[PDB]
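Take a look at this single chain, the form deposited in one PDB entry, given in structure tokens.
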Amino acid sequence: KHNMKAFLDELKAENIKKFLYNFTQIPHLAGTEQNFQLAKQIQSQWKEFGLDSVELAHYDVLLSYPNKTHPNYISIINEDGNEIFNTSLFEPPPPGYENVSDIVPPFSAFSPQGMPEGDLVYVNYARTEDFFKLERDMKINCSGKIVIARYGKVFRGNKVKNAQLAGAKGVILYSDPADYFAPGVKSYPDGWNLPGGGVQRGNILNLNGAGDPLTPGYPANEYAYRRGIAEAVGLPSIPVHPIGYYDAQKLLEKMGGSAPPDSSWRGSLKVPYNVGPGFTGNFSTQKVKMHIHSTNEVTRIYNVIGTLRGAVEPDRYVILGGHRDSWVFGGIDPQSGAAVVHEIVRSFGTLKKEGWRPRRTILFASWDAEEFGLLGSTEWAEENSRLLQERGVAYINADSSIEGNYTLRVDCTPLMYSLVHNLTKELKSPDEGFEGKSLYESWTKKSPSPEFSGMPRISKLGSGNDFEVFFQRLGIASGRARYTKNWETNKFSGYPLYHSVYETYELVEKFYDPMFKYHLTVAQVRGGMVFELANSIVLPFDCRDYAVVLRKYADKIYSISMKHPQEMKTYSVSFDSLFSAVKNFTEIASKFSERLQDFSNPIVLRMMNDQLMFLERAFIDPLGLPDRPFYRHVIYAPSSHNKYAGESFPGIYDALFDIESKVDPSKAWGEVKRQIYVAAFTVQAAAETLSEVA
């Protein structure tokens, strides 16, 4: 038989290991020849594996690279302008790679050029609440200062935006061992911790879903009209550079001015963590000087798009996609995910060669330039938006398969909760101590739902990965799953070697998953989801699960507003319409579910399949969210404070955020009311897509 079990059993840990090794021997930086060569390799192999068609889709997008003959670095400069300390020009390469060429040195992609000199202010994680603390509570002024911030907690681009709006003239990002050195584990190469010379690369854009900075709304094809750099989307206005904790210690050790306001501001270095501004008495005349010379350059990128045509519904697309480009070797990010996709394609192709075809079309994607702001997935979705809007069933992401080895981590639309629960109950746990138990059982035990006993946690989708255009722009049901760590407060901070030269094949094979069993488990979850979506007669979505969360989000946003009872009285701020719509959705979804169970009629089936496919679509508002036109989903958006985090009822959330500080409360509460109306309306309209059609 050619069923899900046949598919799943064909998947091999040994193959995932071979592919991971193959993808991580040299760097695959977006826009470089090495990454174009790997694209052509994957294209050839997917053809060999059996896909019907496999094409490269290329675009010319704005990328950013250091100047090879004019290196970026930071100094402490004394009174006469002598540079008395310089940060490192490169990370010491790991064992056996010390002769590898084309390792991009640490830099912040899309930083402008500059050589700002000034006094340091330490801003903790550079979160919105950290700047509130500095400015409002401590009366410390960042204007014209160079800010130094530790990585962690939120996307680095949010830190840079926050620093810019505080009036900073530069930002230094560093990795504190508090966040990137787990106690009792050794530094790379002898363990998975970050050494003091290690540095996290990464882009610092604030694109809000736009894709290539120069072509928002339209694919960056051969005839594209491009904005001028001054009108580009999302570029930072101040120089930015990342450093390791040996270098950070040198910049922080001399810091004076105010003490840290409390212990949540102190990392693990042997320094005071004084906020500044500037250095203590002896060194009061020394300054910090950045030297940034990176350039932004329009550069060709390449997505690989493979098609396995559906036997029955070829015009319905289930998409498995993840990126290929890496900062350096990409041993975890992304090749641990790319190797899983490769093995999934191989397994599906094995069935296809024996005469099987899925019910619906499956599209497989190897995206490029993800690290530079989700550019390859976004430009391709811009190009194909009409096809995706009317035909897209679901998008399953496939970046890093592991970021730890503790338990499963799933983020997805409520429409996929039931699918995930059911599939994980049928898969074996790879975990020690759970042998012969289901993955559902180990996951639920290790990651309990905060709301329901006997259920696992499933998180909301925000952004920071390639599902963003499909979910938040186009409203296609999306999901992701990976293995993760225990480390709760590190959720958005990355594993220690994230985006460093030390993230290698050996890191994975020695320290994360020597048997490739966690990789195989993730291949089973991702491939199992794709299989069910592409093959189930009735699409495997449960609208009632959306009803349950919508009530939870409505309770939560109302609870936020209810911290301001006098203003809700004054301005007549009612959530009644939103609860009404949520009640209606619950009622209608229950009735639709009964019909879906109670309905030989392919037109009624597909009618119902279309109602299921278009339900996520119905949460899209064509006018988008305020000042974020490419975030169009009304129930979820990336947090305006942290792109990695999903926020629910984002339009109402942002209207309420820090509202007590607004100068015109009438206007501010009027906008809360407007957002309640938009949310109630959209929930009701989505409900009505599930009513009988005529």
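Residues that one form lacks are left out of the comparison. Under this definition, the rigid core comprises the largest set of C-alpha atoms superposing within 1.5 Å between the forms. Start at 1 and count along the sequence shown; that's the residue number.
- Counting the deposited residues that fall between residue 599 and residue 600 and carry no coordinates gives a value of 1 to 3.
- The deposited model assigns a higher average Cα B-factor to 268 to 276 than to the other stretch when 159 to 167 and 268 to 276 are compared.
- Set 538 to 546 against 439 to 447 and average the Cα temperature factors; 439 to 447 ends up higher.
- Across the residues 382, 315, 432, 371, the deposited record lists the maximum Cα B factor for 432.
- Per the PDB record, 282 has a higher Cα B-factor than any other of 203, 521, 282, 584.
- Per the PDB record, residue ranking by Cα B-factor puts residue 33 in the middle third of the chain.
- In the PDB entry, residue 626 places in the middle third of its chain by CA B-factor.
- Residue-level temperature factors show residue 108 in the lowest third of its chain, judged at the C-alpha atom.
- Residue 651: CA B factor in the lowest third of modelled residues in this chain (values from the PDB entry).
- In the PDB entry, residue 452 places in the highest third of its chain by CA B-factor.
Just so it is clear, the following notes concern the form deposited in another entry, a form of the same protein that is not shown.
- For the listed set 432, 488, 594, 222, the sole C-alpha moving 2 Å or more between the shown form and the other one on a rigid core superposition is that of 488.
- In the other form, the Cα-Cα separation between residue 373 and residue 489 grows by 3 Å or more relative to the displayed conformation.
- Whereas the shown form places them at one spacing, the Cα atoms of residue 492 and residue 373 lie at least 3 Å farther apart in the other form.
- Against the superposed rigid core, the only consecutive-residue run (3 or more long) showing CA movement of at least 2 Å between the shown form and the other one spans 487 to 494.
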